[PDB]
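# here is my input, please return the structure:
(chains A, B, C, D and E)
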Amino acid sequence: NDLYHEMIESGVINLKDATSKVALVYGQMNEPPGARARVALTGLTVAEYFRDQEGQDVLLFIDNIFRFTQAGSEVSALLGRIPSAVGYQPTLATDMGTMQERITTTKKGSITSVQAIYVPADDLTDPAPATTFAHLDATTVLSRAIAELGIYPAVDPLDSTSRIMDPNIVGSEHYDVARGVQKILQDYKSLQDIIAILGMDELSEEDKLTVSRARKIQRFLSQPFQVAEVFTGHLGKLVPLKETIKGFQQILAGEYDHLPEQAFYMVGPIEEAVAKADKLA
Amino acid sequence: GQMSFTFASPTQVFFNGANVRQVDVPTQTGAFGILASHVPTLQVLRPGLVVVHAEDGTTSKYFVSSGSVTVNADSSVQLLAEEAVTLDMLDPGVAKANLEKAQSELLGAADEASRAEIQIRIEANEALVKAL
Amino acid sequence: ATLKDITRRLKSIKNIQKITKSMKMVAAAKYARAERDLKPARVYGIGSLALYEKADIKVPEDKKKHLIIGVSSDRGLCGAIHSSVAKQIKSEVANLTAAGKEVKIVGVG
Amino acid sequence: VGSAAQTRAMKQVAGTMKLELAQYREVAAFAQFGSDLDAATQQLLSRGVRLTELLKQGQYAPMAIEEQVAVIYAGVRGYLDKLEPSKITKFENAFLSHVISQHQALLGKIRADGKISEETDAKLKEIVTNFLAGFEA
Amino acid sequence: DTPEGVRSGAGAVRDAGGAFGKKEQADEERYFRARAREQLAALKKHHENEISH
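Numbers count the residues shown, from 1 in each chain, chains lettered A, B, ... in the order given. Coordinates below:
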């Protein structure tokens, strides 16, 4: 109910007219295990309509694919099939395959799936996490620490990984930029202990420079979102990939090293960052 | 005359390897003014005031408890002091109080060793009250 | 190797890790202070050094006795800080006492 | 649910309490032998122990929201940092009695208004400071 | 953090029964065994003092 109302207030689903952008399929816990097991297939079919008939790029958001796995295990237990290791259904791999393999790119279109993943007992080696990870192609780790810093979206840049992050796919420039910003934050984290122990003045000149650039980058990661625009008061931005690459490579090169750090916080394209720097005081 | 002067204490460091004209020092066996090319003289300090006549012209004044005036053959004098204190932080009222108190203690110091200790106290206090 | 045993060992090592990290922080603070006043102590010690630095003095040929002042702390967990000093003292007392010089050691630490 | 299920006054004090206590948890490891630590760390440890003593509640003794707000206000603002750790609970009890009897109007304001208005905060500040000055005997 | 992760508690080092636990056990004994001797000697001196007076 909270998600429904929040989506209505954000505007992704409009009740007055046909301006909706999401279709909700709810498999609430009070339903029997079979229903919860098949809710994902229901939503996947609803997405399949747009990919095939309408030839569009759909986004299937399956929350807690772990509950899908658990529901499958419960259904197998009810059917009496001898449980597999840890107690998951004997057909865990096949069920997961049947569900995931329909979420692919056809000639008409493609269905991308952002699936929330729950890790039981914080065990990545657990059968359900392992089976789900076998089909994954990218990971987005929303970290409370990054939220504490104030960076929204609160994606942990170093921890978040993608499998298409290879030059042959993304492009040499894209890979260079992403690899660079990865290192520029890793070394900042590594030396962040050094400054904490000895001091900022106890760092090398380059060590002082990388801190400034990394702090600029970690702030530049934050981007205003259009869905929360009503509350935050700041128009949301949709930065193109080219603009993201240009801005981050510019920050890495040191072109905007003179700019203040706040100029890069909660901004869109790098032109907005420099304009904001101008606006300050 | 291009005489490197090192006045340092265990706590604080004063002039260190700095060219100075004269350094009047409260040394034992009499006070002798450190010169540009004074004869190498390893003499121990006594409570008193050190005046460093910096080549620029100003003469800084510090108070010295004890130590060694290590003036080498070359123009290098190492003035190590156990307690190197400036004149401002010293309190004149308590300086006088301590001087008079030690002078009173002199009579009560029956032991010649203890009387010698109170004698050291009164000597330091004498130099102290002269400084203040 | 029951899960109980594995859990016990894991918890123990976790506690050890936490304690060692906090100890590292405290040692870092103490080292920061000790390095700070090491600079004032440095020139003061150099003043003592200057004596034999300029007035080059060497033991004539032999001394009847000898003193070895090995300085160190009473708190361990500092690698070979004490061990190295003890080794040097042992090497010297082996190096000396062959010529007859009666070495004596004051163990500050 | 989070803060949505809290009175605005309780929200005001509890947010600060939560931040201070979280920081104390972060530095709790040092506490054992954290005497030789940065002054910020010492401040975090002191505020944490004070807040922890505040949170302790006797069994079968349910407290009213206004009284809880008063005690948490006493703690988060930092009027108890000077007070000795063991004395914190004694102050909690004595202050509870004092505010409940002498200053029931202010508790009514917190109860009725549902938020710590600026006037209440000023009045709360005065009451807490005055009692704290005289609390120790 | 996440509750699922294994959480350690006070005394785990000794509860394990490993080398570190044994070191802690012996170290406590060595200290207080010596302390008891000092305390016992002091008590003996106290007893002798009250016997004298």
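# which parts of chain E are helices?
Secondary structure of chain E (DSSP state H): helices at E:12-16, E:19-52.
# export those helices to TSV and append columns for mean neighbour count and distance to chain D.
(Each C-beta comes from the backbone N, C-alpha and C, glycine too.) Shown next, in TSV, are the helices of chain E (neighbours: other C-beta atoms under 10 Å in any protein chain shown; distance: least, C-beta to the nearest C-beta, whole Å):
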stretch	mean neighbour count	distance to chain D
helix E:12-16	19	14
helix E:19-52	10	15
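# which of those sits closest to chain A?
helix E:12-16 (18.8 Å; C-beta to the nearest C-beta).
# so for residue A:236, which of the helices of chain E sits nearest?
Proximity to residue A:236 (C-beta to C-beta) singles out helix E:12-16 among the helices of chain E, at 49.3 Å.
# follow-up on the earlier one: please convert the helices of chain E to TSV, extending it with distance to chain C.
Below are the helices of chain E laid out as TSV (distance: least, C-beta to the nearest C-beta, whole Å):
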stretch	distance to chain C
helix E:12-16	4
helix E:19-52	7
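# state which helix of chain A is the longest.
Taking DSSP H as the criterion, chain A has its longest helix at helix A:172-197.
# quick check: angle from the helix or strand following it to helix A:172-197?
For helix A:172-197, the following helix or strand on the C-terminal side (DSSP states H and E) is helix A:205-221. Per axes from the mean of the first three to the mean of the last three C-alpha atoms, to 10 degrees, the angle that helix A:205-221 makes with helix A:172-197 is 120 degrees.
# is any part of the helix or strand just after helix A:205-221 close to chain D?
Downstream of helix A:205-221, the next assigned helix or strand under DSSP H and E is helix A:229-232. No. Judged by C-beta under 8 Å from any C-beta of the partner chain, helix A:229-232 stays clear of chain D, getting no closer than 14.7 Å.
# for chain B, which residue gets nearest to chain E?
Nearest residue of chain B to chain E: residue B:111, at 30.9 Å (C-beta to the nearest C-beta).
# picking that back up, wait, does the longest helix of chain A make contact with chain D?
No. Helix A:172-197 lies out of reach of chain D by C-beta under 8 Å from any C-beta, never closer than 9.9 Å.
# briefly note if that helix comes near chain C.
Yes. Using C-beta under 8 Å from any C-beta, helix A:172-197 comes into contact with chain C via residue A:197.
# and that helix, how far from the chain's centre?
20 Å (C-alpha atoms, centre = their mean, to the nearest Å).
# give me the helices and strands touching that helix, please.
Where contact means 3 or more C-beta pairs under 8 Å, 6 or more residues apart in numbering or on different chains; DSSP states H and E, helix A:172-197 is packed against helix A:205-221, helix A:241-253.
# select, out of these, the one closest to chain E.
Per C-beta to the nearest C-beta, nearest to chain E of the helices and strands packed on helix A:172-197: helix A:205-221, 21.9 Å.
# next, the buried residues of the longest helix of chain A.
Using 16 or more other C-beta atoms under 10 Å in any protein chain shown as the test for burial, helix A:172-197 gives A:174, A:177-178, A:180-181, A:184-185, A:188, A:191, A:195.
# as JSON lines, those with distance to residue D:58 would be great.
Shown next, in JSON lines, are the buried residues of helix A:172-197 (distance: C-beta to C-beta, whole Å):
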{"residue": "A:174", "distance to residue D:58": "62"}
{"residue": "A:177", "distance to residue D:58": "60"}
{"residue": "A:178", "distance to residue D:58": "57"}
{"residue": "A:180", "distance to residue D:58": "59"}
{"residue": "A:181", "distance to residue D:58": "54"}
{"residue": "A:184", "distance to residue D:58": "54"}
{"residue": "A:185", "distance to residue D:58": "49"}
{"residue": "A:188", "distance to residue D:58": "48"}
{"residue": "A:191", "distance to residue D:58": "49"}
{"residue": "A:195", "distance to residue D:58": "45"}
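# list just the nearest of the residues you listed to chain B.
residue A:195 (27.4 Å).
# now do the contacts for that closest one.
The contact partners of residue A:195, taken as C-beta atoms under 8 Å, 6 or more residues apart in numbering or on different chains, are A:202-203, A:211.
# buried only: go through these for me.
Applying 16+ other C-beta under 10 Å to those flags A:203, A:211 as buried.
# between the contacts of residue A:195, which is nearest chain B?
Taking those together and measuring to chain B by C-beta to the nearest C-beta, the closest member is residue A:202, at 20.7 Å.
# start and end of stretch D:60-68, how far apart?
End-to-end distance of stretch D:60-68: 15 Å, with C-alpha to C-alpha, to the nearest Å as the criterion.
# how far off centre is that stretch?
Put simply, stretch D:60-68 sits 13 Å off its chain's centre (C-alpha atoms, centre = their mean).
# do the same with stretch B:64-75
11 Å.
# how about that stretch: buried residues?
Quick answer for stretch B:64-75 (16+ other C-beta under 10 Å): B:64-72, B:75.
# cool, stretch C:40-56 as well?
Going by neighbour count (16+ other C-beta under 10 Å), the buried part of stretch C:40-56 is C:43-44, C:46-47, C:50, C:54.
# do the same with stretch C:81-94
Result for stretch C:81-94 [16+ other C-beta under 10 Å]: buried residues C:82, C:85-86, C:89, C:93.
# biggest separation within the buried residues of helix A:172-197, which pair?
A:174 and A:195 (30.9 Å).
# circling back to that earlier point, so can I have TSV of the contacts of residue A:195 showing distance to chain B?
Output for those, formatted as TSV (distance: C-beta to the nearest C-beta, whole Å):
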residue	distance to chain B
A:202	21
A:203	25
A:211	32
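# now do residue D:94 against residue D:66, distance only.
For residue D:94, the distance to residue D:66 (C-beta to C-beta, to the nearest Å) stands at 17 Å.
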